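This document starts with one chain, in the form deposited in one PDB entry, laid out as structure tokens.
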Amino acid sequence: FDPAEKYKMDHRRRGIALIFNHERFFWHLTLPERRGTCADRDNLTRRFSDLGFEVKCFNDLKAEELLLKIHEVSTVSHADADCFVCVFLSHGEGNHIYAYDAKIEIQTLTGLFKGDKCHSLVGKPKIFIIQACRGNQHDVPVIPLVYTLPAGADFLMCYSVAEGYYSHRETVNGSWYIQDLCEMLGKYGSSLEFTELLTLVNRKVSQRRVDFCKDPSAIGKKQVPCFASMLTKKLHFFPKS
């Protein structure tokens, strides 16, 4: 048993990174526009491309369209890929995100990549990154003082914020979380173990605060991200040969 064991990332391709970018919504949902989400989209495209990913992006897909795209990707062979990345940039609440016209439960999307549903990703990291609100709590600032495999294994769920909370987005620079994630990917993405990198992102985002707000009660509010690992090995994105 080797504590240092890493996923094998020596396939022909790094893999696909999908980005679902949601800026506007069907009017009946009365959801505010997400100005600045395009900065996130571009930032992620740059940083994930630099790590070898084939980045694909889609703007404001309706739920039916999004579900179709996601099904298609879970159906193609990932046999010659190291891993799979899927990013959602949208509104959300509870355990769901919004497509243009309706909410989708996040489990509906991840389920399509479980081992029995997607054989060609078995044993490979399946990474989901979600920038979206997760409820209506606004975090407050405080100060100190050989074997078979489970079909559920090797997922990494990376959320911009802990369960139940608002997540923050700058209208020009993009979201707090995606900015900090991309900064870390840019500097450390090709060397640092990815959960270590996500931990640095937790620290970066935790340092931010709402500096100005039309609602004075929101001034100084906070956000801590949260990632869930079902990974079984160390994960790196060393430059591919």
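Each residue number is its position in the shown sequence, starting from 1. We call the rigid core the largest set of C-alpha positions that still match within 1.5 Å between the two forms.
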**Asked** Is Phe212 without coordinates in at least a third of the other compared PDB entries of this protein that model the residues flanking it?
**Response** yes
**Message:** What about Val140, left without coordinates in a third or more of the other entries of this protein that model its neighbours?
**Reply:** yes
**Prompt:** For the C-alpha atoms alone, is the average B factor greater in 2 to 10 or in 232 to 240, going by the entry?
**Reply:** 2 to 10
**Asked** Higher mean Cα B-factor in the deposited model: 108 to 116 or 154 to 162?
**Response** 108 to 116
**Message:** Using only the C-alpha B-factors in the record, can you name which of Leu185, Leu31, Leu67, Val55 has the highest?
**Reply:** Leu67
**Item:** Candidate residues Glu170, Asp80, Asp101, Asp139, the one whose C-alpha B factor the record puts highest
**Value:** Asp80
**Message:** Using only modelled residues of the chain, where does the Cα B factor of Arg203 rank: lowest third, middle third or highest third?
**Reply:** lowest
**Fill in**
Binned into thirds over the chain's modelled residues, the C-alpha B-factor of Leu192 lands in the middle
**Request:** Name the third of the chain's ranked CA B-factors that contains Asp180, choosing lowest, middle or highest.
**Result:** lowest
**Message:** Based on the deposited C-alpha B factors for this chain, I'd like to know if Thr148 is in the lowest, middle or highest third.
**Reply:** middle
**Message:** Splitting the chain's C-alpha B-factors into thirds, which one does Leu61 fall into?
**Reply:** highest
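The next section is about a form of this same protein that is not shown, the form deposited in another entry.
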**Prompt:** Where does the C-alpha shift reach 2 Å or more between the shown form and the other one among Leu156, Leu121, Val87, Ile97, given a fit on the rigid core?
**Reply:** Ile97
**Asked** Would you say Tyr188 moves between the shown form and the other one, meaning its CA shifts by 2 Å or more once the core is fitted?
**Response** no
**Item:** Threshold 2 Å Cα movement between the shown form and the other one at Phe227, rigid core reference
**Value:** no
**Message:** Would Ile70 count as moving between the shown form and the other one, using a Cα shift of 2 angstroms or more after superposing the core as the test?
**Reply:** yes
**Request:** Quick one: in the other entry, is the Cα gap between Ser120 and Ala151 smaller or bigger than here? Answer closer or farther; it shifts by 3 Å or more.
**Result:** farther
**Item:** in the other entry, whether the C-alpha atoms of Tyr100 and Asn43 sit closer or farther than here (change of 3 Å or more)
**Value:** farther
